[PDB]
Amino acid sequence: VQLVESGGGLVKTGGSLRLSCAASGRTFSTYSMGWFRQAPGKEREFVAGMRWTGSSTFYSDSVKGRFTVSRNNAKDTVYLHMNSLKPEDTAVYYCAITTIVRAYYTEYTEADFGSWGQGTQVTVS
């Protein structure tokens, strides 16, 4: 399945952005999705995710309380609302889905995810 990703661009420190991830039909209703980010010389670290249910989201220690994940009524588009942005948030952001259902989200790594969207650049200064 193809995940289509958009959003990103440049913003000042403390500013807001909204990444988008779209997948046709029952995809997001069947497979939990994850937002990841990769800074130039670093590993693809988990940011935030949503269970296929739409009723559960989960966040890395470094974005919980600043970033929120939501989904449209159609359940085919997921949004990463990025508020109170730091320079430390500067990276290429990716969305993805997993067939692997881990009760503890704290055990998810990028290795669990596939159907990677094209990266979108987020820059904070």
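Numbers for residues come from their place in the sequence shown, where the first is 1.
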query	finding
Higher-B stretch (mean Cα B-factor, as the entry records it), 107-115 or 14-22	14-22
Selected stretch [higher average CA B-factor]: 68-76 or 82-90	82-90
Out of 62, 98, 56, 30, highest CA B-factor residue	62
Third of the chain's Cα B-factor distribution that residue 37 belongs to, per the entry	middle
